[PDB]
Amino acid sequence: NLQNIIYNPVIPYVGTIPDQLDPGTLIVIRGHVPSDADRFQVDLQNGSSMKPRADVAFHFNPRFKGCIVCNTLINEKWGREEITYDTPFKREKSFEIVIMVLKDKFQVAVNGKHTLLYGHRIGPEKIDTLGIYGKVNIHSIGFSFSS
């Protein structure tokens, strides 16, 4: 039931999500971390506005020094950071990210292994845009919708 919408998108990638993120929806992102990476992010956004900057419902931000920082941007202001230190990401290694949308939270597994949970701060129904930024190569972006 997984239907990819784009292959090898140029980064920064900003795209419209074709259907609503209802409970049970999956977002599947397949990529690869470059040799010189410092960090990258997957942002689930409300709109693609740049001025003013669009709210980010779910900021999923792997940093390579390593860790994953998650947060929410509302009215151009960042909320409280939720930091995961048990990170599966490494440089020169490929990955598969699966984001599960649940009623009350997102659930993320990388490479088949569970990674983290993140409670909704903005109602997921307000998400219509997917943004991927920073140092990362993306092989594919797909959705399995539950509408």
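In case it trips you up, residue 1 is the first one in the sequence shown, and so on.
Where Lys65 is followed by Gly66 in the displayed chain, the model omits 1 to 3 of the deposited residues that sit between the two. Mean C-alpha B-factor is higher over 35-43 than over the other stretch, the pair under comparison being 35-43 and 22-30.
Between the stretches 138-146 and 1-9, it is 1-9 that shows the larger average CA temperature factor.
Comparing C-alpha B-factors across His114, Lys93, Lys103, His59 in the deposited entry, the largest value falls on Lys93. Of the candidates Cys70, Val98, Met50, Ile122, the deposited coordinates give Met50 the top C-alpha B factor. Ranked by C-alpha B-factor against the other modelled residues of its chain, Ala109 falls in the lowest third.
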